[PDB]
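Provided below as structure tokens are two forms of one protein chain, presented individually as structure 1 and structure 2.
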Structure 1
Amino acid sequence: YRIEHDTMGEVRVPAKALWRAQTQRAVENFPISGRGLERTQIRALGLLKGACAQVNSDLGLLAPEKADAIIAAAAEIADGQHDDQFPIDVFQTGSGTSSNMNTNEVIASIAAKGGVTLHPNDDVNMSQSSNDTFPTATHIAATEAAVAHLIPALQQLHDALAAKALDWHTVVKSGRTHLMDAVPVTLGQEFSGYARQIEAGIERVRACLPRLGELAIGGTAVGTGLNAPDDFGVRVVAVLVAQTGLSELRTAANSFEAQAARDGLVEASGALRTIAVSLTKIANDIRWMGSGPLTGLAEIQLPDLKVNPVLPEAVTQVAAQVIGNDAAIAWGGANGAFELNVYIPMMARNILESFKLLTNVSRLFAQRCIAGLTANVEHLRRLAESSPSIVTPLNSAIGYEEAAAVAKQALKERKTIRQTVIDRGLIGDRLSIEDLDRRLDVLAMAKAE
């Protein structure tokens, strides 16, 4: 234990900890979840403190020797060497002040090892406030999770779904509407639908990026930029864009909206919620198609990990969590007051978790489920050919009444419509075998080649 102090007085701190007194106060004040900032959030805070020290150096506001020590410690934090030094709960002051101070105190302690004296709030927090730094880090983490992780993961799932659409282009089967037998489709067509749902999901994430990428940096305490250079924002963003390659990061269109609200996180959660909705439909269909092996639909076989549909269950459970996280994000989003929205840590936890779950589960689903599905091709075609649904094209030749008798007999004898029409002696007067084969071609009915 070692003694430290802040504006309010003196505080006991673990002796070998890189954090200081404000972080220690926050440890004692918020033992709520036992969970702190994620690696992506810590990395974001590191990048931002580095970019801030760079621009403060560039405007000759910060001595070069201090800027260099900050930039080196900030590199260390962005790299992941210091996660053990961020012990503050997610459920902290709603501005993220506490985690901002955590980053400043940890950076000061790293520089102190290299023999450089930094003041956490006069050097490491120079030209900044808690109010604009913690939301900036949150939007950097979210932008990076959308562009570098989620979109590529959904592109891999899209590609696995589109590959199946192609492989299964002629695998004709019974359509189902309302869960009841309908006119024919192909597994390919169904998988082209699933592929479109994920491609549309990528379009929805891309459409939110012009507002997700907005950074509050330079707005200071209330959005006015008081105590910061007038161009602090555009300079810090230019450093982050050059360092990350994330061209989507940009200065806020309005510095007050960017601090009074987190509407860009609510907007983004909407896209993730819509993806969760798409993945629920895709995973449900796939587990139903794999159902059996005797009493279910037995259309396809899932790869093993009689196989339980374990990846569909993970996907549907992840979707349920994204929906829950979405409601929490919208709740925090609505409840800002005046110059600041004080639900940032909670909203940050939820949107970053939704990004991570959808990313990881989309890759596992694509690789370990979609890629290895095998279709019961001949069985699917036999059912499609034996369905009362395909008798309609026969009504003009044999009449409604006889069409109905053919469907009833085909079902009762478990035979194809073709073999029932022959069995009933309808060939000859009503139509020829050539006519029957044209009318009952289930692949032509599916309007596939």
Structure 2
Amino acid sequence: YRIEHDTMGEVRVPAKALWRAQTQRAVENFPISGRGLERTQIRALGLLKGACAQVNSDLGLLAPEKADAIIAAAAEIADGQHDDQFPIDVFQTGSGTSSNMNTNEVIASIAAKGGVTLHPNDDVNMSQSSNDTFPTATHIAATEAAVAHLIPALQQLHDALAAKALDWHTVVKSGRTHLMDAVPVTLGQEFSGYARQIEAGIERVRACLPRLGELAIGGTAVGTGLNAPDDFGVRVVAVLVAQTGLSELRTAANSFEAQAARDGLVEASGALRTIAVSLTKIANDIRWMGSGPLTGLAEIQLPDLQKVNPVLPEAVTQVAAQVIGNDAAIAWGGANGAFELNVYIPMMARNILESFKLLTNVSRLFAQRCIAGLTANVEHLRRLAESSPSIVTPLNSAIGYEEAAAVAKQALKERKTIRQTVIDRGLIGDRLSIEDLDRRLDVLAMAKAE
């Protein structure tokens, strides 16, 4: 209910609110989505403000009393004690200056409860600009999401898929190409392909980390580092690596590229989009294999969570669609920078951090509550394998290339199986027993598993 005073008039701020006038003005300016920064973004901004205060204190630019108060207040924010103190819309000034100032004001208020006076700009924002802070917090959050959350979740899914690839190594079935009956495969072979797709997904995330982990901090307003110490960036990054354990964080290769563009987020989103494409194929194959039971393929049974509807495959395919959409928004913002600043950072941050979160959470649920509990309908799968087309090649050593070719042509002409065409042509004899025919054409042998 309390009032504050701003160099354009009077500002009313809620009573239990640690934010001040600049934040309140941003609240009134951007009532667009009704959604603010996520826990991960707030955490990153607190981590960054603590590291900046630490470096400003080490360089003798900030009195140690003020630094200690900023560091303690920032630690509270990084630990999630103030997630309710960040009310600014995602759809704000495109630098993220509004959220940067929100962090400065909340730290100033937390410090005042402890008896220390901080200026949000001159103290909490010392050596920083309105323009190198929010992109840095974005890349911290995205790198933490990749390394600490997504990669382990994808590994859990990979390991679940790989476990089925081994458990079903000899569970023969019919191949399907173009949705049509094809030569035999095993259910384990198919799952070995799903596992490879997730393993390649982890490789793709790893491959983007050298650029995703680049931080703009130290570049200040335009990338030149004016009004910051020359080594501010390298010193702040070392504090962040030590606090977070994220060795993937690093100073930008080029301080102009790191502020004029967000290409690292565009690159990372392409890795997440590829994983969404992989997850769509895996999830679609799994719900088709589970389909029916009478009208479908009925190859496997999915665990029942809610005739079991494939509710986790539907959650996975819906997440994949969202990641594809978010990826388009990210590329659109990425392309539209101008001169020294890309001003799409809040929108790009929301979208990539959501894509990380959705893929992390759905991959773990898919792994644990769908893949791990799948059961194969082994006898049904063998009946499908025993209904696949056969080939004459494995008879060559027995009947010769010429008789084999005549078997092939007559089977095609009369729409008969290879097996029955061999019987009908009277080839069961010294060259070939019925047991020899059955060994040579065995559907597990045709799958070339063992």
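If you superpose the two forms and keep the largest set of C-alpha atoms that fall within 1.5 Å, you have the rigid core. Residue numbering: structure 1 sequence, from 1.
Once the two forms are fitted on their rigid core, between the two structures the CA displacement reaches 2 Å or more only for 418 among 66, 43, 381, 418.
After superposition on the rigid core, displacement of the C-alpha of residue 33 between the two structures stays below 2 Å.
For residue 394, a C-alpha deviation of 2 angstroms or more is recorded between the two structures after rigid-core alignment. Positional change of residue 57 between the two structures stays under 2 Å at the C-alpha, relative to the superposed core.
For residue 431, the CA shift between the two structures after superposing the rigid core equals 3.9 Å. For residue 14, the Cα shift between the two structures is 1.8 Å when the rigid core is held fixed in the overlay.
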